[PDB]
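Participant: The structure under discussion is supplied below as structure tokens; questions concerning it will follow.
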Amino acid sequence: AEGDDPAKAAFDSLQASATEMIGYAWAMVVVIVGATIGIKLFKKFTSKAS
Amino acid sequence: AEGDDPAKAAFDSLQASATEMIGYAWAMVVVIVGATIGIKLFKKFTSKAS
Amino acid sequence: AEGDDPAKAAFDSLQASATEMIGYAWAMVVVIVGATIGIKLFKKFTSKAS
Amino acid sequence: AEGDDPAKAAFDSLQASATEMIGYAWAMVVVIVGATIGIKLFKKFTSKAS
Amino acid sequence: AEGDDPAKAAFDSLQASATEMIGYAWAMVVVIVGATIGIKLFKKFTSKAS
Amino acid sequence: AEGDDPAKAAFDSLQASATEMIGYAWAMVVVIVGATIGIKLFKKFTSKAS
Amino acid sequence: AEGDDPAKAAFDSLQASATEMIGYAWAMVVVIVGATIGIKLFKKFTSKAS
Amino acid sequence: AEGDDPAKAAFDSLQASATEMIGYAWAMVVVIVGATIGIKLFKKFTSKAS
Amino acid sequence: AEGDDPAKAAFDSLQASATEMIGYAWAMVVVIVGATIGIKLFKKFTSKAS
Amino acid sequence: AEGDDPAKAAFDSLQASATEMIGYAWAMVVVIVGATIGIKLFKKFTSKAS
Amino acid sequence: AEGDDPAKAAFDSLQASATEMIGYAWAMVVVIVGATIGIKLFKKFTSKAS
Amino acid sequence: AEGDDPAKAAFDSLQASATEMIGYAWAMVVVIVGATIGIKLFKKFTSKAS
Amino acid sequence: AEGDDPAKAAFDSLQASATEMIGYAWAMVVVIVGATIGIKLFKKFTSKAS
Amino acid sequence: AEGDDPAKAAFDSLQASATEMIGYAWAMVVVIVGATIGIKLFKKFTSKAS
Amino acid sequence: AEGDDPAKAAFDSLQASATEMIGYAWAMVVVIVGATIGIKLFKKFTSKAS
């Protein structure tokens with residue numbers, strides 16, 4: 001109930017850091033998935049021609 | 001039985017502090033799990049296309 | 001055998017105080033375990049999706 | 001044998017919480033599987049036409 | 001050899017309490033495993049269809 | 001060499017008491033280990049199914 | 001060398017319990033594999049017809 | 001009841017010193033935890049990509 | 001150099017007890033591994049059929 | 001309140017040392033993760049070609 | 001702030017060792033991937049002929 | 001400088017006893033580690049098969 | 001530098017045991033791979049006939 | 001500053017012993033990794049053939 | 001204020017001895033950590049190959 005008010009910023013500081021790097025894990029998958037899905041389509045173009 | 005009444009607030013003060021930071025451990029996992037599960041779905045989108 | 005009757009309340013007073021704070025050590029673990037176990041389940045939700 | 005009667009509710013409280021979130025892990029897979037299986041069928045519709 | 005007869009109930013009281021909460025650790029895993037295994041089967045239903 | 005013969009029973013009395021409670025520490029671990037190991041097996045049943 | 005004779009039953013009791021649940025992990029896979037393999041054959045029946 | 005008034009400052013002086021170094025034990029864990037948690041996230045970024 | 005000759009049996013007695021239970025930890029893993037590996041083979045039988 | 005002013009540098013000296021080695025734990029993970037993630041991509045290049 | 005200058009070389013020595021073996025994990029995947037991808041191409045040569 | 005010559009054997013007698021039981025602490029760990037490491041290998045045999 | 005000469009055999013004894021069981025992990029994979037690859041060939045015989 | 005010169009050999013003796021057994025922990029992992037990696041390659045040989 | 005000048009060297013002599021052996025506790029951890037971290041990397045090389 002006391003001595004934690006200035007510790008409350010401690011964890012909001014770690015959590016705020018989490019949101020910064022979390023944006024990298026979310027875009028990371030999408031950066032990789034861009035090709036993941038786009039490549040799928042390249043092969044679709046391949047098998048469909050038969 | 002005596003001399004503990006004003007100590008009773010001592011631990012309710014530590015426990016009340018616990019409930020404050022406990023809310024961070026609960027939301028912490030969910031902040032991280034948001035992506036954890038959301039990313040799962042990104043890959044599902046990847047394997048399903050085959 | 002004598003001079004201890006009014007000391008008998010002395011220790012029942014310390015022991016009665018023990019039962020007061022002991023209730024905090026028992027609920028303390030459970031307050032913390034609530035999340036301990038609940039969080040376990042959050043991650044179960046994470047690994048299971050694969 | 002004593003001092004555990006009011007702790008018995010402690011774990012029934014954590015277990016009752018488990019049943020709440022467990023319903024999410026069970027429906028979660030089915031929410032995802034809905035499409036998982038439904039999509040399978042979309043592709044079946046694709047290969048069958050040959 | 002003496003002064004322990006009324007202490008013998010002390011530990012049978014702690015051990016009897018152990019058997020009470022032990023039933024929760026045993027059913028706990030099974031409550032969680034119910035879904036653990038049941039979900040496995042949901043996914044089996046998913047991969048098998050290919 | 002003298003005045004210890006009736007004290008010899010003193011310690012055999014404390015040691016005999018030790019053997020009584022020692023049986024509780026030995027079975028205690030096994031009471032807890034019963035589940036400890038049995039639960040291990042529950043999870044083995046879980047990971048093996050993949 | 002002594003005080004373990006009545007503990008020897010302790011572990012034979014946990015191991016004997018292992019053999020009980022182990023029969024479930026062995027039949028479990030086979031219960032699931034019954035379909036696993038049987039379904040394979042259903043699809044073989046499908047691709048072979050071309 | 002007398003001769004302790006100028007000793008009352010003695011302990012408020014030791015306790016006031018405690019609050020000074022206590023701020024170091026609280027921030028110390030957070031200085032170390034900053035990385036503790038931040039690193040967790042680095043690895044999450046690692047396992048998630050599979 | 002003296003007063004330890006009859007203590008030498010003390011530890012050979014604990015060590016001899018170790019060799020008794022150690023045989024359980026060695027066979028324990030193998031009892032569990034029997035299925036561990038045998039089950040692997042059950043699944044090999046499953047994936048190979050494709 | 002007194003005799004701690006020249007001790008205040010004591011802990012700022014240990015904490016300042018922490019920040020020095022902490023930079024190694026942060027870059028350490030990244031030095032290792034460089035490859036961790038980069039290698040992931042090498043394998044992505046492998047499975048995608050099918 | 002002091003007594004860490006000659007420890008600074010301690011970790012640069014472990015990190016410098018990391019860069020040595022890290023070159024093996026990077027080339028390792030490529031040594032294996034050489035064939036991984038090259039073999040892909042061997043099979044492409046196989047299916048294309050139809 | 002005098003009256004300690006026949007006490008010098010006193011401690012060489014306790015130290016010589018130390019070397020006797022010390023051989024048990026050294027082999028003790030190895031008796032237990034035999035299985036510790038050997039079991040590791042049993043599980044390696046388990047995970048490797050995937 | 002002393003008291004380790006008779007411990008040197010301790011680890012050469014565990015390592016020598018490793019080489020014994022390691023031969024099982026190496027042949028184990030090959031025992032299983034015999035069929036793994038041989039079966040591949042059975043199916044090659046199947047698809048080639050079209 | 002005095003009475004430690006003949007103790008300096010004490011720790012160089014324990015540290016020199018560390019370097020002896022440390023060579024076992026380093027080669028130990030490699031003895032086990034030999035197969036760890038070599039087996040990986042056995043399976044690569046397995047999946048590649050498809 | 002007097003009779004301590006030639007005692008001042010007493011503790012600088014014990015403290016100077018501390019700095020001598022302290023260098024062993026600092027390098028000790030690093031001697032052990034060399035492998036601790038280096039081995040980590042050996043296993044990274046192991047899991048990454050999948």
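Identifiers in this document derive from the order of the structure tokens: chains are assigned A, B, ..., residues are numbered from 1 separately in each chain, and ligands are numbered from 1 in order of occurrence.
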Give me the residues within 9 Å of residue 18 of chain G as a ChimeraX atom specification, counting only C-alpha atoms and dropping any in the same chain fewer than 6 places off.
Facilitator: /F:37-38,41 /I:28,31-32
Participant: Those selected residues, please, written with C-alpha atoms and delivered as a PDB file, in the first residue's frame.
Facilitator:
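Final file, part00.pdb:
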ATOM      1  CA  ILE F  37       5.682 -39.617 -10.253  1.00  0.00           C
ATOM      2  CA  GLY F  38       2.075 -40.574 -11.092  1.00  0.00           C
ATOM      3  CA  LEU F  41       3.095 -40.249 -16.234  1.00  0.00           C
TER       4      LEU F  41
ATOM      5  CA  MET I  28      12.119 -46.662 -13.791  1.00  0.00           C
ATOM      6  CA  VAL I  31       9.950 -49.046 -17.740  1.00  0.00           C
ATOM      7  CA  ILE I  32       8.745 -45.667 -19.030  1.00  0.00           C
TER       8      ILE I  32
END
Participant: Name all residues at most 12 Å from residue 23 of chain I (count only C-alpha atoms; drop same-chain ones fewer than 2 positions away) and give them as JSON, numbers by chain.
Facilitator: {"G": [8, 11, 12], "I": [16, 17, 18, 19, 20, 21, 25, 26, 27, 28, 29, 30, 31], "L": [31, 32, 34, 35, 39]}
Participant: Rounded to one decimal in Å, what is the spacing between atom CA of residue 24 of chain C and atom CA of residue 14 of chain B?
Facilitator: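 Interatomic distance here is 10.4 Å.
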Participant: Which chain N residues have any atom within 10 Å of an atom of chain K, and for each, what is the nearest pair of atoms with distance in Å to one decimal, counting only C-alpha atoms, rows sorted by chain and number, as a Markdown table?
Facilitator:
| residue | atom | partner | partner_atom | distance |
| --- | --- | --- | --- | --- |
| N:41 | CA | K:32 | CA | 8.3 |
| N:44 | CA | K:36 | CA | 8.4 |
| N:45 | CA | K:36 | CA | 9.6 |
| N:48 | CA | K:36 | CA | 7.3 |
| N:49 | CA | K:39 | CA | 8.6 |
| N:50 | CA | K:43 | CA | 8.6 |
Participant: Selected residues, N, CA and C atoms, written as a PDB file, in the first residue's frame, please.
Facilitator:
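part03.pdb, written as the output of this step:
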ATOM      1  N   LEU N  41      21.451 -35.676 -39.319  1.00  0.00           N
ATOM      2  CA  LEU N  41      21.771 -35.992 -40.701  1.00  0.00           C
ATOM      3  C   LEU N  41      21.145 -37.282 -41.165  1.00  0.00           C
ATOM      4  N   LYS N  44      17.696 -36.400 -42.013  1.00  0.00           N
ATOM      5  CA  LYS N  44      17.667 -35.513 -43.202  1.00  0.00           C
ATOM      6  C   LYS N  44      17.612 -36.401 -44.435  1.00  0.00           C
ATOM      7  N   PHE N  45      18.468 -37.451 -44.402  1.00  0.00           N
ATOM      8  CA  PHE N  45      18.551 -38.483 -45.440  1.00  0.00           C
ATOM      9  C   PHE N  45      17.193 -39.128 -45.652  1.00  0.00           C
ATOM     10  N   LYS N  48      14.387 -36.078 -47.019  1.00  0.00           N
ATOM     11  CA  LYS N  48      14.817 -35.589 -48.358  1.00  0.00           C
ATOM     12  C   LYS N  48      14.353 -36.457 -49.522  1.00  0.00           C
ATOM     13  N   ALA N  49      14.366 -37.795 -49.355  1.00  0.00           N
ATOM     14  CA  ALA N  49      13.992 -38.783 -50.364  1.00  0.00           C
ATOM     15  C   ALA N  49      12.556 -38.610 -50.937  1.00  0.00           C
ATOM     16  N   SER N  50      11.646 -37.890 -50.221  1.00  0.00           N
ATOM     17  CA  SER N  50      10.262 -37.643 -50.713  1.00  0.00           C
ATOM     18  C   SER N  50      10.262 -36.621 -51.865  1.00  0.00           C
TER      19      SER N  50
END
